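*Asks:* Handing you this structure, nothing more for now.
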Amino acid sequence: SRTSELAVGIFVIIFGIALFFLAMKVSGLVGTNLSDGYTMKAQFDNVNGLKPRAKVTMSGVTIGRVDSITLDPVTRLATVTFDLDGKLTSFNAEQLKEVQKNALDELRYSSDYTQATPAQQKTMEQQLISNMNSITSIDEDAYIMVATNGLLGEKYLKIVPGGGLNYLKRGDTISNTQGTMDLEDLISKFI
Amino acid sequence: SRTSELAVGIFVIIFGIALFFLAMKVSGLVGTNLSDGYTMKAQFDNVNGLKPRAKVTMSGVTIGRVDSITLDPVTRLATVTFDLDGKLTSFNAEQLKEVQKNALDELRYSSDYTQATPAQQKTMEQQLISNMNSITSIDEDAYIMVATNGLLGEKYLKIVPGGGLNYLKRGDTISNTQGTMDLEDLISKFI
Amino acid sequence: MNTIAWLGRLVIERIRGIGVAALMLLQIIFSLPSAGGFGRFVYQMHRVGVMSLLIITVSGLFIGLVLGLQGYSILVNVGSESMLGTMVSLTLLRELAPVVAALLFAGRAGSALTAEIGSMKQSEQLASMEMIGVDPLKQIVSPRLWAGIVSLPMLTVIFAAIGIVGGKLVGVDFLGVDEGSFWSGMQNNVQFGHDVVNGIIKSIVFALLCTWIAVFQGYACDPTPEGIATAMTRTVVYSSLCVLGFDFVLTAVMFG
Amino acid sequence: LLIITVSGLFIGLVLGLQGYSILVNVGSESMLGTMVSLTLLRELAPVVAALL
């Protein structure tokens with residue numbers, strides 16, 4: 001039937017326009033630029049080979065990109081401005097209190113609640129809203145260092161967690177830092 | 001007629017996009033250029049395998065390139081001509097006065113005060129105006145050397161900072177240079 | 001609004017047109033050719049193949065001169081100038097000598113099967129033949145189609161042979177590469193039954209779809225000598241879409 | 001226009017498919033983007049564009 005055939009062909013070709021934009025996503029000029037992220041920053045002294053949009057990994061799994069690199073000329077410090085994820089880098093609703101009471105197990109601990117004001121409850125009360133938002137999965141003591149991928153050309157960033165009781169905020173600065181070394185470290189200690 | 005005004009106008013649409021792809025997402029001339037960039041020069045011994053338009057770095061940040069690599073038979077050397085940046089290498093006025101009176105703190109450095117002139121303004125006031133004359137973050141006795149981006153890759157300039165309290169001017173020549181080191185030299189490194 | 005139903009339904013007379021060409025194709029091969037068929041069959045080889053021979057040597061000589069010229073200069077920096085002979089062989093044999101051999105063949109003889117039959121359509125050369133009484137599907141189609149099937153694997157081997165021997169000329173005569181590491185690089189990595197034989201089985205179905213379209217699109221075309229060129233592209237367009245569209249199924253069935 | 005996209009899509013799918021698998025064995029998967037670009041741009045996109 002006229003109508004039938006027409007409409008059919010129509011939608012059919014139309015699709016080709018529909019899959020065009022899903023094919024246009026892979027061009028990198030439109031679509032898939034990271035959602036629900038935020039920003040941290042750190043300070044180095046050596047950033048050898050590091051380029052923008054390099055990888056950031058938690059223990060072997062990627063969590064963001066590196067976007068702005070600068071050098072501070074007054075005391076010769078590098079500073080990277082990178083964006084993490086906000087879905088694989090943060091607790092949801094249930095996981096907060098499930099670790100906030102594990103944080104309060106450390107906050108109202110026998111070593112800490114007894115040494116501070118042990119007749120108050122404000123320090124157990126103020127810690128909940130302060131750790132409600134502006135919080136990460138990264139510990140308050142955790143060092144970031146430039147690893148060497150490709151084992152011949154690269155330098156993705158590695159965030160090593162561990163220890164501690166509290167965490168870092170959604171916009172703060174990681175202070176425990178370790179800039180990379182070079183082949184000139186590989187020779188100088190070897191010589 | 002009416003389809004022809006469409007079907008070649010849509011052609012110049014696509015060609016402009018695919019030129020924008022090559023210019024602004026592939027090749028180097030996508031904006032790679034700093035502000036008032038001045039040039040300096042230096043002399044080397046081994047410039048082995050160093051193309052023009054390389055990178056220059058201070059702490060791993062891309063502060064400039066290499067312009068021209070000439071030899072001089074007057075003294076059997078190679079003299080590299082390269083342009084740095086002007087913002088990341090020169091202090092701002094606030095950073096200028098931060099170090100200028102700190103250079104006056106360096107000048108009047110205890111004995112440094114009653115050693116050249118404590119009874120005159122040549123060692124006191126001239127170093128204030130000598131602090132401003134086209135100043136560089138490159139100190140008076142830093143040293144430059146050719147690194148390689150990994151132990152299998154390209155060649156690029158890094159500059160080792162540190163040492164000294166005075167600085168250099170635009171268009172000067174950095175002293176204390178050492179060239180590249182390779183497989184024909186690492187034998188001489190060990191034995 | 002009527003343009004999108006004019007652009008609509010344009011597949012349908014095309015898919016009905018393609019469905020005709022299948023119904024033609026059985027009617028050519030499912031009959032035994034008579035005497036006098038082999039004599040025109042030789043002349044079609046003289047027409048299609050022997051005339052096509054002078055081209056694919058030069059483009060055969062070219063691509064080996066390029067592919068062994070540029071990858072080595074990046075590869076020499078680590079440890080490998082001995083794997084030069086492997087990378088030239090295994091990309092010509094399993095990848096390009098099926099594909100780039102047809103696109104030069106669809107160029108020359110993929111046209112001259114159409115315009116020679118676009119010849120006999122405009123001056124009613126075709127129609128007079130039926131009227132005197134032959135059938136051109138036996139007469140002018142079947143010796144054309146059977147040369148087109150045969151002569152392409154007869155060329156794409158010829159192509160890649162000078163293709164490899166071309167890259168030897170840049171290597172040992174200008175880049176000074178070792179001859180023994182050149183060939184024994186190939187002999188360890190290029191088996192016969194998995195590469196050169198399966199470089200032929202690609203080139204047969206690249207020869208059938210290239211030459212059957214170029215016969216049909218010259219037969220069932222209207223004699224207008226404007227549309228003899230729009231029919232000309234639909235040889236080349238539907239060949240190059242399908243000679244590239246059926247590399248990707250043939251690469252996957254052989255390996256991967 | 002409709003032709004050279006498909007043969008454009010093809011050759012990049014092949015050239016980055018096979019050289020890497022031999023190149024990955026030493027240290028280099030990062031030079032994949034260079035070898036695809038510098039052989040299309042200075043060598044094939046003049047030549048193979050005309051023959052189509």
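Letters A, B, ... mark the chains of the structure tokens in the order given; residue numbers begin at 1 per chain; ligand numbers begin at 1, in order shown.
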With only C-alpha atoms considered, list every residue of chain A at most 12 Å from chain D, as a ChimeraX atom specification.
*Replies:* /A:23,148-155
*Asks:* Fit chain A to chain B, all Cα atoms paired in order, least squares. Then write it as an mmCIF file with C-alpha atoms, in the first residue's frame.
*Replies:*
data_model
loop_
_atom_site.group_PDB
_atom_site.id
_atom_site.type_symbol
_atom_site.label_atom_id
_atom_site.label_comp_id
_atom_site.auth_asym_id
_atom_site.auth_seq_id
_atom_site.Cartn_x
_atom_site.Cartn_y
_atom_site.Cartn_z
ATOM 1 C CA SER A 1 10.056 27.066 3.210
ATOM 2 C CA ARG A 2 12.413 27.674 0.284
ATOM 3 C CA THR A 3 14.474 30.434 1.901
ATOM 4 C CA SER A 4 14.624 28.621 5.240
ATOM 5 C CA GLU A 5 15.795 25.291 3.822
ATOM 6 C CA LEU A 6 18.325 26.995 1.550
ATOM 7 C CA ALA A 7 19.923 29.155 4.250
ATOM 8 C CA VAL A 8 19.984 26.171 6.607
ATOM 9 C CA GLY A 9 21.771 23.791 4.250
ATOM 10 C CA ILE A 10 24.071 26.684 3.422
ATOM 11 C CA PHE A 11 25.303 27.392 6.948
ATOM 12 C CA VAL A 12 25.413 23.649 7.624
ATOM 13 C CA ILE A 13 27.839 22.815 4.817
ATOM 14 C CA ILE A 14 29.655 26.096 5.439
ATOM 15 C CA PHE A 15 30.618 24.798 8.880
ATOM 16 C CA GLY A 16 32.491 21.957 7.209
ATOM 17 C CA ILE A 17 34.618 24.717 5.717
ATOM 18 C CA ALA A 18 34.854 26.284 9.181
ATOM 19 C CA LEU A 19 36.040 23.137 10.963
ATOM 20 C CA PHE A 20 38.397 22.514 8.006
ATOM 21 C CA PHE A 21 40.867 25.122 9.229
ATOM 22 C CA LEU A 22 40.657 23.847 12.810
ATOM 23 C CA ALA A 23 41.408 20.506 11.212
ATOM 24 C CA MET A 24 44.156 22.263 9.243
ATOM 25 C CA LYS A 25 45.850 23.389 12.457
ATOM 26 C CA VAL A 26 46.765 19.813 13.392
ATOM 27 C CA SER A 27 48.679 19.415 10.144
ATOM 28 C CA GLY A 28 51.531 21.413 11.679
ATOM 29 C CA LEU A 29 52.009 23.504 8.548
ATOM 30 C CA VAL A 30 49.679 26.247 9.834
ATOM 31 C CA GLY A 31 48.729 27.295 13.348
ATOM 32 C CA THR A 32 49.977 26.587 16.898
ATOM 33 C CA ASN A 33 53.516 27.858 16.817
ATOM 34 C CA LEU A 34 54.466 29.195 20.275
ATOM 35 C CA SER A 35 53.177 32.619 21.334
ATOM 36 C CA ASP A 36 54.745 35.383 23.506
ATOM 37 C CA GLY A 37 58.114 33.655 23.784
ATOM 38 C CA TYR A 38 61.701 34.900 23.883
ATOM 39 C CA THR A 39 65.172 33.381 23.608
ATOM 40 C CA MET A 40 68.092 32.161 25.698
ATOM 41 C CA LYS A 41 71.195 30.149 24.827
ATOM 42 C CA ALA A 42 73.814 27.959 26.485
ATOM 43 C CA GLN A 43 77.161 26.275 25.817
ATOM 44 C CA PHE A 44 77.868 22.542 25.893
ATOM 45 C CA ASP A 45 80.614 20.081 25.022
ATOM 46 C CA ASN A 46 78.396 17.103 24.157
ATOM 47 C CA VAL A 47 74.965 17.205 22.554
ATOM 48 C CA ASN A 48 74.559 13.490 21.752
ATOM 49 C CA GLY A 49 71.312 12.680 19.977
ATOM 50 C CA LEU A 50 69.825 16.147 20.370
ATOM 51 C CA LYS A 51 67.652 17.231 17.446
ATOM 52 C CA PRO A 52 65.762 20.491 16.813
ATOM 53 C CA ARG A 53 62.289 21.012 18.327
ATOM 54 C CA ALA A 54 63.082 18.743 21.266
ATOM 55 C CA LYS A 55 61.473 19.407 24.641
ATOM 56 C CA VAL A 56 62.577 21.733 27.430
ATOM 57 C CA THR A 57 61.241 20.974 30.904
ATOM 58 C CA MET A 58 61.322 22.813 34.203
ATOM 59 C CA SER A 59 60.748 20.009 36.697
ATOM 60 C CA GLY A 60 58.780 17.576 34.574
ATOM 61 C CA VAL A 61 56.571 19.995 32.663
ATOM 62 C CA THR A 62 57.366 21.354 29.208
ATOM 63 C CA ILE A 63 58.069 25.054 28.641
ATOM 64 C CA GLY A 64 59.454 25.471 25.135
ATOM 65 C CA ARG A 65 61.387 24.094 22.199
ATOM 66 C CA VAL A 66 64.944 23.989 20.886
ATOM 67 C CA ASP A 67 65.390 25.596 17.495
ATOM 68 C CA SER A 68 68.945 26.413 16.447
ATOM 69 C CA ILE A 69 71.955 24.187 17.054
ATOM 70 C CA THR A 70 75.492 25.186 16.152
ATOM 71 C CA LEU A 71 79.069 24.218 16.865
ATOM 72 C CA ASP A 72 81.701 26.905 17.313
ATOM 73 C CA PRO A 73 84.725 25.535 15.443
ATOM 74 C CA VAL A 74 87.422 27.652 17.094
ATOM 75 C CA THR A 75 87.287 26.069 20.571
ATOM 76 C CA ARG A 76 84.858 23.182 19.876
ATOM 77 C CA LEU A 77 81.800 24.407 21.753
ATOM 78 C CA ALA A 78 78.199 23.561 21.016
ATOM 79 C CA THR A 79 75.597 26.297 21.302
ATOM 80 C CA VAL A 80 71.835 25.813 21.303
ATOM 81 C CA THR A 81 69.423 28.643 20.576
ATOM 82 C CA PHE A 82 66.104 27.773 22.141
ATOM 83 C CA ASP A 83 62.858 29.567 22.873
ATOM 84 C CA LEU A 84 61.050 29.267 26.199
ATOM 85 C CA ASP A 85 57.474 30.241 27.013
ATOM 86 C CA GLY A 86 56.424 33.641 28.297
ATOM 87 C CA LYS A 87 53.309 32.645 30.200
ATOM 88 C CA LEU A 88 54.555 29.792 32.402
ATOM 89 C CA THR A 89 58.084 31.168 32.683
ATOM 90 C CA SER A 90 57.566 34.654 34.056
ATOM 91 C CA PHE A 91 55.947 36.513 36.908
ATOM 92 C CA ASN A 92 52.932 38.718 36.355
ATOM 93 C CA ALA A 93 52.268 42.132 37.886
ATOM 94 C CA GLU A 94 51.586 41.152 41.497
ATOM 95 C CA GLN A 95 54.212 38.406 41.703
ATOM 96 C CA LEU A 96 57.049 40.800 40.844
ATOM 97 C CA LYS A 97 56.915 42.990 43.968
ATOM 98 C CA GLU A 98 55.885 39.978 46.038
ATOM 99 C CA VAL A 99 59.268 38.465 45.189
ATOM 100 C CA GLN A 100 61.139 41.756 44.599
ATOM 101 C CA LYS A 101 60.631 42.545 48.273
ATOM 102 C CA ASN A 102 61.729 38.956 48.875
ATOM 103 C CA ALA A 103 64.670 39.830 46.636
ATOM 104 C CA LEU A 104 65.126 43.049 48.624
ATOM 105 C CA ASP A 105 64.917 40.877 51.737
ATOM 106 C CA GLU A 106 68.005 39.283 50.216
ATOM 107 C CA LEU A 107 69.339 42.506 48.651
ATOM 108 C CA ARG A 108 68.937 44.698 51.739
ATOM 109 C CA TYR A 109 69.835 41.760 53.967
ATOM 110 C CA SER A 110 71.938 41.844 57.115
ATOM 111 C CA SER A 111 74.797 40.159 55.252
ATOM 112 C CA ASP A 112 74.728 42.376 52.157
ATOM 113 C CA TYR A 113 73.396 45.857 53.008
ATOM 114 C CA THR A 114 75.713 46.141 56.014
ATOM 115 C CA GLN A 115 78.834 45.180 54.004
ATOM 116 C CA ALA A 116 78.133 47.558 51.116
ATOM 117 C CA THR A 117 77.331 51.257 51.444
ATOM 118 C CA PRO A 118 74.891 51.017 54.376
ATOM 119 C CA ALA A 119 73.826 54.669 54.157
ATOM 120 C CA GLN A 120 72.579 54.490 50.564
ATOM 121 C CA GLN A 121 69.290 53.305 49.079
ATOM 122 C CA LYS A 122 70.268 53.427 45.404
ATOM 123 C CA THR A 123 71.156 49.719 45.270
ATOM 124 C CA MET A 124 67.679 48.955 46.605
ATOM 125 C CA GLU A 125 66.313 51.444 44.067
ATOM 126 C CA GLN A 126 68.262 50.311 40.985
ATOM 127 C CA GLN A 127 67.360 46.654 41.513
ATOM 128 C CA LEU A 128 63.636 47.206 40.959
ATOM 129 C CA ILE A 129 63.674 48.592 37.398
ATOM 130 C CA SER A 130 66.489 46.232 36.404
ATOM 131 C CA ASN A 131 64.389 43.310 37.634
ATOM 132 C CA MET A 132 61.179 44.813 36.222
ATOM 133 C CA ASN A 133 61.665 43.453 32.715
ATOM 134 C CA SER A 134 64.500 41.234 31.467
ATOM 135 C CA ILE A 135 63.676 38.716 34.182
ATOM 136 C CA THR A 136 62.881 35.023 34.375
ATOM 137 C CA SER A 137 61.767 32.427 36.877
ATOM 138 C CA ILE A 138 65.162 30.761 36.520
ATOM 139 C CA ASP A 139 67.595 31.571 39.317
ATOM 140 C CA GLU A 140 70.881 33.340 38.659
ATOM 141 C CA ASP A 141 72.579 30.048 39.580
ATOM 142 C CA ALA A 142 70.899 27.194 37.727
ATOM 143 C CA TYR A 143 72.336 24.453 35.535
ATOM 144 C CA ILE A 144 70.907 23.051 32.323
ATOM 145 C CA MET A 145 71.721 19.495 31.321
ATOM 146 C CA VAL A 146 70.681 17.055 28.628
ATOM 147 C CA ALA A 147 68.605 14.313 30.207
ATOM 148 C CA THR A 148 67.697 11.068 28.477
ATOM 149 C CA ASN A 149 64.009 10.467 27.828
ATOM 150 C CA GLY A 150 62.512 7.394 26.188
ATOM 151 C CA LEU A 151 65.257 5.624 28.118
ATOM 152 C CA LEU A 152 66.666 4.424 24.800
ATOM 153 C CA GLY A 153 66.230 7.290 22.344
ATOM 154 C CA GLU A 154 65.934 10.982 23.183
ATOM 155 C CA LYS A 155 67.603 13.848 25.042
ATOM 156 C CA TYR A 156 65.141 16.582 26.016
ATOM 157 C CA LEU A 157 66.674 19.493 27.936
ATOM 158 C CA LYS A 158 66.327 19.814 31.699
ATOM 159 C CA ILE A 159 66.586 23.139 33.526
ATOM 160 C CA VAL A 160 67.226 22.620 37.238
ATOM 161 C CA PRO A 161 66.605 25.686 39.447
ATOM 162 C CA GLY A 162 67.560 26.384 43.030
ATOM 163 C CA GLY A 163 69.424 28.697 45.353
ATOM 164 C CA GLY A 164 70.407 32.282 44.626
ATOM 165 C CA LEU A 165 68.667 35.604 45.153
ATOM 166 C CA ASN A 166 68.449 37.276 41.739
ATOM 167 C CA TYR A 167 67.348 35.903 38.370
ATOM 168 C CA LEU A 168 68.461 35.915 34.746
ATOM 169 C CA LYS A 169 67.429 38.259 31.972
ATOM 170 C CA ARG A 170 65.107 37.636 29.048
ATOM 171 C CA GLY A 171 67.925 37.147 26.561
ATOM 172 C CA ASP A 172 71.038 36.141 28.461
ATOM 173 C CA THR A 173 73.240 33.040 28.485
ATOM 174 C CA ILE A 174 73.038 30.329 31.145
ATOM 175 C CA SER A 175 76.627 29.773 32.234
ATOM 176 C CA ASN A 176 76.347 26.843 34.675
ATOM 177 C CA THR A 177 76.033 24.049 32.129
ATOM 178 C CA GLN A 178 76.411 20.288 31.967
ATOM 179 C CA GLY A 179 76.774 18.453 28.679
ATOM 180 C CA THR A 180 75.479 14.926 28.422
ATOM 181 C CA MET A 181 77.367 11.670 28.645
ATOM 182 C CA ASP A 182 76.973 8.469 26.675
ATOM 183 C CA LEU A 183 77.096 4.711 27.092
ATOM 184 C CA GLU A 184 80.871 5.153 26.923
ATOM 185 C CA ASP A 185 80.631 6.877 30.267
ATOM 186 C CA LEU A 186 78.388 4.016 31.402
ATOM 187 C CA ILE A 187 81.079 1.481 30.497
ATOM 188 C CA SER A 188 84.306 3.353 31.348
ATOM 189 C CA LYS A 189 83.435 4.027 34.979
ATOM 190 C CA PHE A 190 81.997 0.508 35.118
ATOM 191 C CA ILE A 191 85.315 -0.895 33.899
#
*Asks:* Near chain C, meaning an atom within 8 Å, which residues of chain D appear when counting only C-alpha atoms? Write them as a PyMOL selection string.
*Replies:* chain D and resi 3+6-7+10+14+18-19+35+51-52
*Asks:* Those selected residues, please, written with C-alpha atoms and delivered as a short mmCIF file (atom, residue, chain, number, x, y, z; two decimals), in the first residue's frame.
*Replies:*
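Wrote result-v5.cif, looks like this:
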data_model
loop_
_atom_site.label_atom_id
_atom_site.label_comp_id
_atom_site.auth_asym_id
_atom_site.auth_seq_id
_atom_site.Cartn_x
_atom_site.Cartn_y
_atom_site.Cartn_z
CA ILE D 3 31.55 6.68 -1.14
CA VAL D 6 32.83 4.18 3.87
CA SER D 7 36.29 3.64 2.46
CA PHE D 10 37.48 1.18 6.57
CA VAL D 14 42.43 -1.85 9.52
CA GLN D 18 47.21 -4.97 12.98
CA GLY D 19 50.35 -2.91 13.53
CA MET D 35 51.21 5.91 12.86
CA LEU D 51 41.74 6.43 -7.20
CA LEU D 52 38.23 6.35 -5.83
#
*Asks:* Might you pull out every residue within 8 Å of residue 215 in chain C, with only C-alpha atoms counted and same-chain residues fewer than 5 positions away left off, and present them as a list in words?
*Replies:*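 Here the qualifying residues turn out to be residues 113, 114, 117, 141, 144 and 145 of chain C.
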